[PDB]
């Protein structure tokens, strides 16, 4: 706190994010529960070039 | 707060012979400066869409000036089980529901700071913003039983918003919001039929045709009888597309994705043919007290749309309404100072003024070269500022404070009326001299 | 409140020779201006419709003047297992059930302010408004056993209200 | 603040002169003092003059 009130600033860094994607079930209804992105993040990053 | 009061009595005797009696009264007050108050807000949901929403769980903000005090999701106490189109939870004729719990199990109350409370008691208002809303929709299972569990609207919100154009209608404080599918002309495989603005309007709001214009129920909602409001992109698209057509009407432009069309129905409107809603041929008593209006009409044929305000096809329509400091500024911001005497020197304030706030806030890490008692003029290190109250007065603001007692002295006292130098150090590692004795 | 009381007794001696002894009394009272009281309300549900509603879980408000003090959903302690048409929970001949818990696990009591308490002790009354009521209905599964879990009335309330005239 | 320092009296507008941008000096009595009330419309009026 003594550092904070003397002018220093707190920086916020996002280490990771989580979230689901949408897909069709046996019916025509979109379901986005249990379809995580962390399963495909590494696989996509391992075979792709970032632009 | 914590208000406490006391009252006592005393009986004593001594020995000549002495006697004594007395009493006392006390009263106290304790305040926590981290959670000095709890805010309770009475909210009330409403629906202007097309479909009902079961288990309404909205998220709301609470902003004081620009500071978001908290964002609270609706717990079990503040969930609306049903919300029909045009309805309200709680229903009309019921008091608003309170939202005074912050955690997930409604076991904690929303706190506010001490400075936030001081702002609140001085007249400032807390606004509420609905960032998002969660809810379910109903569908039929294998049997004839409606199931509204596991079906969510957040799955389809983005998909609906991505391929639809939003249209709104005011009609005297009864808002209607609809989304209409728009065809993508850059995709040869998009087979959605093309619609003009007129067809989209007559489909979304269920308007009817009698002569060629559109009537909602009885009000005319044609482009020449109402006020059409677009954003920048929609206006640009309409302007570009108008010059290509032949009859040159707004209701003939092809619908496109992302368009934002708002339709406002005038309160008073006459066409000299079948409508005259004016109360004269106006001594107030119908116009709202403090609100800005617009008077418009047609006179080729064009519209002028002059504007006026209240103090207490002619129609009258409503409307809705780094700076890095320089060296000289830094040197001048430290011109007024006070010496915290004992009589040896203990510190040095830097007085606040209406102009030196930014320059004082910019500077940290004062460097001091003072004259000690037994030793002589020497550097005594570089320490940070302290940000204490001015002159020790609790009313005065907080200013830069150079705590000379904590500098690298040998425990000796700093002499008065001797050589003293204070060098302010900017974040760019460029130092300037702000004090000299 | 927190009422406190003390009572002392002092014996002394000094040296001529001085002897002195006495006593003292004290009493205090501390109040919190944020939660200065707890309100307990005795409520009683009733049914005037046509079908029974199992697991009655109503939501109620508590208004003083225009201020909604709290809105509390029925916890496990205040859930009616059965409510037949024309019946009442608790049944006729039983005392009303208390509603004095605000959180989800019945671990917190309903607080009121200091100005609200000052209003309350001056004669003003707290009104109760039932905003909504939850509950289940019963049907038959693949067997002959009635199951009333997962079936809700909130799915059909709006659909029934949208195509019907109330009498 | 509470009126006249009495806990019974209601809460009224209070102009805390000690916290204004003074140089720590005392505000003299029976001298020229002007207090301007500022409306939210940024229109000011003179409510006290001495």
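Chains as they are written, first to last, in UniProt numbering: chain A, 467 to 517; chain B, 313 to 327, 366 to 631, 658 to 675, 703 to 715, 735 to 743, 753 to 773, 781 to 875; chain C, 313 to 327, 366 to 517; chain D, 826 to 875.
Built from N, CA and C at the ideal position, the CB exists for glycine as well.
Within 10 angstroms of its Cβ, does residue i collect 16 or more other Cβ (buried), or is it exposed?
i: residue 428 (chain B); result: buried
i: residue 788 (chain B); result: buried
i: residue 343 (chain C); result: Position 327 is followed directly by 366 in chain C, which means residue 343 (chain C) is not present among the coordinates.
i: residue 576 (chain B); result: buried
i: residue 794 (chain B); result: buried
i: residue 451 (chain B); result: buried
i: residue 509 (chain A); result: exposed
i: residue 804 (chain B); result: buried
i: residue 742 (chain B); result: exposed
i: residue 840 (chain B); result: buried
i: residue 513 (chain C); result: exposed
i: residue 584 (chain B); result: buried
i: residue 837 (chain B); result: buried
i: residue 765 (chain B); result: buried
i: residue 845 (chain D); result: exposed
Can you tell me which of the three DSSP states residue i falls into?
i: residue 370 (chain C); result: strand
i: residue 481 (chain B); result: strand
i: residue 509 (chain B); result: helix
i: residue 590 (chain B); result: helix
i: residue 428 (chain B); result: helix
i: residue 836 (chain D); result: strand
i: residue 417 (chain C); result: coil
i: residue 758 (chain B); result: helix
i: residue 545 (chain B); result: coil
i: residue 404 (chain C); result: strand
i: residue 828 (chain B); result: helix
i: residue 791 (chain B); result: coil
i: residue 504 (chain B); result: helix
i: residue 496 (chain C); result: strand
i: residue 315 (chain B); result: strand
i: residue 564 (chain B); result: strand
i: residue 460 (chain C); result: coil
i: residue 627 (chain B); result: coil
i: residue 551 (chain B); result: helix
i: residue 851 (chain D); result: coil
i: residue 558 (chain B); result: strand
Could you pull the DSSP bridge partners for residue i from this structure?
i: residue 770 (chain B); result: B:786
i: residue 320 (chain B); result: B:374, C:376
i: residue 576 (chain B); result: Note: residue 576 (chain B) sits in no beta bridge, so no partner.
i: residue 327 (chain B); result: Residue 327 (chain B) pairs with nothing; no bridge assigned.
i: residue 672 (chain B); result: B:737
i: residue 604 (chain B); result: B:546
i: residue 490 (chain A); result: A:496
i: residue 841 (chain D); result: Partner(s): none; residue 841 (chain D) has no beta bridge.
i: residue 411 (chain C); result: C:421, C:479
i: residue 381 (chain C); result: B:315
i: residue 570 (chain B); result: B:565
i: residue 856 (chain B); result: Residue 856 (chain B) is not bridged to any residue.
i: residue 664 (chain B); result: Looking at the DSSP assignment, residue 664 (chain B) forms no beta bridge with any residue, so it has no partner.
The beta strand (DSSP E) spanning residue i covers which residue range?
i: residue 389 (chain C); result: Premise fails: residue 389 (chain C) is in no beta strand (DSSP E) and is neither H nor E.
i: residue 464 (chain C); result: Looking at the DSSP string, residue 464 (chain C) is not in any beta strand (DSSP E); the run it does join, the alpha helix (DSSP H), is 464-470.
i: residue 863 (chain B); result: 859-863
i: residue 514 (chain B); result: 514-519
i: residue 620 (chain B); result: 618-620
i: residue 613 (chain B); result: 610-614
i: residue 448 (chain C); result: 447-449
i: residue 712 (chain B); result: 709-712
Taking the alpha helix (DSSP H) that residue i belongs to, which residues open and close that run?
i: residue 873 (chain D); result: Per DSSP, residue 873 (chain D) belongs to no alpha helix (DSSP H); it is in the beta strand (DSSP E), 869-874.
i: residue 526 (chain B); result: Per DSSP, residue 526 (chain B) belongs to no alpha helix (DSSP H); it is in the beta strand (DSSP E), 526-531.
i: residue 817 (chain B); result: Per DSSP, residue 817 (chain B) belongs to no alpha helix (DSSP H) and is neither H nor E.
i: residue 441 (chain C); result: Taken as a continuous stretch (DSSP letters only), residue 441 (chain C) belongs to no alpha helix (DSSP H), as it is neither H nor E.
i: residue 798 (chain B); result: 795-800
i: residue 808 (chain B); result: Residue 808 (chain B) -> no alpha helix (DSSP H), and no H or E assigned at all.
Give me the Cβ distance between residue i and residue j, rounded to the nearest whole Å; I'm assuming they're in contact under 8 angstroms.
i: residue 388 (chain C); j: residue 438 (chain C); result: That pair is no contact at about 27 angstroms.
i: residue 506 (chain C); j: residue 496 (chain B); result: 6 angstroms
i: residue 796 (chain B); j: residue 835 (chain B); result: Rounded, the Cβ-Cβ distance is 14 angstroms, inconsistent with contact.
i: residue 824 (chain B); j: residue 859 (chain B); result: So it is not a contact: roughly 19 angstroms between Cβ atoms.
i: residue 378 (chain C); j: residue 322 (chain B); result: Incorrect: roughly 16 angstroms between the Cβ atoms, too far for contact.
i: residue 408 (chain C); j: residue 480 (chain C); result: 6 angstroms
i: residue 762 (chain B); j: residue 870 (chain B); result: 6 angstroms
Could you tell me whether any non-hydrogen atom of the ligand SAM is closer than 7 angstroms to the CB of residue i?
i: residue 432 (chain C); result: Because no ligand of any kind appears in the structure shown, any question about the ligand SAM cannot be addressed here.
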